[PDB]
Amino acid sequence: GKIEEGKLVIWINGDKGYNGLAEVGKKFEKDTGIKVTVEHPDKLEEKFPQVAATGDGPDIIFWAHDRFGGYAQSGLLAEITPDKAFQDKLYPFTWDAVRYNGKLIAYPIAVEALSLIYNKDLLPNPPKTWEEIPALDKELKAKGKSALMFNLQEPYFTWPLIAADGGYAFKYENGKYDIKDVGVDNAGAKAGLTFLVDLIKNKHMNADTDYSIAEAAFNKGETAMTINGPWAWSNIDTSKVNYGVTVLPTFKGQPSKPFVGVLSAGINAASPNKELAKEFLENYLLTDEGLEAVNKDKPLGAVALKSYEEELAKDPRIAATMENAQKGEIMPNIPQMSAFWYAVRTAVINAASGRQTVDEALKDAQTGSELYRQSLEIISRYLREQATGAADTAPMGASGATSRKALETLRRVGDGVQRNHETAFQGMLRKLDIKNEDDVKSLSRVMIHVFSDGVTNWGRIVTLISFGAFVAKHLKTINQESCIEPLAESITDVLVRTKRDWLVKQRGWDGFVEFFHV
């Protein structure tokens, strides 16, 4: 479809101040005659990449910054180019959250971190440790109350505990992420998640508790504590619960480490209203009055706009938010975050329900989180060595035995496919007529159509990759060697995105090696 000209459609999550945002839209309309429509669809962060890929969707999308690198990598976002005067009005670390491959890809709005929220009438002093919560629940159950209820369906809420004793997503050292170094199934992560599962086993929490259940229980005074962000404070105010916002409990003497989000506003690359969107965001929303309108609906947290943040920073709930933020870590925005989150969401749900043990659940989450990088390493190396006739001497890195053995297996079975199907490979190569970087970009839809819609097995995966190597050899011959790495990335994307669940079920590339073991 085509995004309509002369209006703005905005998407924002249903937990945020969308009525306040609509009020800013009405002010925009008053000046310009342009109607602003604010919507809060379910699963908007999943919807957006689907609809935007076809040139459809909202003009402006709001989400935490972690999803935006994926959207940008997919060509779904307009580059943001504010002048120095405007840039200097927001905190530099907030612009850093929305920078991807050296370009600004959204406007930052506000810094979000989870805090412990407690009912002062039930618990005059909140617990400093996770370890004391079982005893406190036992005390409270004798009064017809519980200690703690929070959303167990979204890993954002359980991550602070998983991270506390050493769980991590992608290792960060010397100002750099090692995307090859994933910390989901280490001893620290296991300790955190085992503690959560034990809370459930011992009937201190219920695996089925979700956002709405926890919110209602806290706001009705049935549970003494919850874990939530600034957006939740409005409904708690309405409830008249005597609440405090404080630092999350420690685990094994170490701080809980929330993953810190920057609510951000991106502009759809397919929007014909980009100048209207820029005007709205810079001169209506990111002003004291614009942020106030949203904040009075549902609190934003620590806003990116220095002038308004100076007012808000006096609020002890914001101080608490920022204390927790400083103990946590800013989320990456790398495209791999979506997969990391899906993998950890499934692990927590399965461990909490008893569908899998903690060890089983975190193993699968490690494999899912490593899948893209490991797949790319194997596929890129095979294509490149096939094209040039010489292997890559660089170390395989993390899970290197698997990568090496997968590459050796792929050499055996993939060369066999190419050899036996040479005429068919030649025919398809000529039919596809691949000449340059632009023609390579067209192959994804063809790969999805042919590969992803057929039967899922290792044989057809070998064919996918083997035909890729055949194409790579051709590209080298015609002085298009620079196209090979983009080709490898494209094949990897199709494989891992469309066969994610199947691949994890096979133990990823270890399953491949096992399947073709001679």
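The numbering used is simple: start at 1 and walk along the sequence shown. Each form is matched to the other, and the largest set of C-alpha atoms that superpose within 1.5 Å is called the rigid core.
With each structure aligned by its rigid core, the stretch whose Cα atoms sit farther from this model in 9 other deposited structures of this protein, between 225-233 and 404-412, is 404-412. Averaged over structures and residues, the CA distance from the shown form in 9 other deposited structures of this protein after a core fit is larger for 442-450, of the two stretches 442-450 and 94-102. Modelled in this chain, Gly175 is nonetheless absent from a third or more of the other compared entries whose models extend past it on both sides. Stretches 392-400 and 152-160 differ in mean CA B factor, with 392-400 having the higher one. Comparing 475-483 with 41-49, the higher mean C-alpha B-factor in the PDB entry belongs to 475-483. Which of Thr226, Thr287, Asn268, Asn436 has the largest Cα B-factor in the deposited entry comes down to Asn436. As recorded in the entry, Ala142 carries the highest CA temperature factor of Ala147, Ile379, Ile318, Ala142. Ranked within its chain, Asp501 lands in the highest third, by CA B factor from the PDB record. In this PDB entry, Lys171 carries a Cα temperature factor that places it within the highest third of its chain's modelled residues. Per the deposited record, the Cα B-factor of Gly55 falls in the highest third when ranked against the other modelled residues of its chain. When the CA B factors of the chain's modelled residues are split into thirds, the value for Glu309 lands in the lowest one. Annotation for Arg430: C-alpha temperature factor in the highest third relative to the rest of the modelled chain, per the entry.
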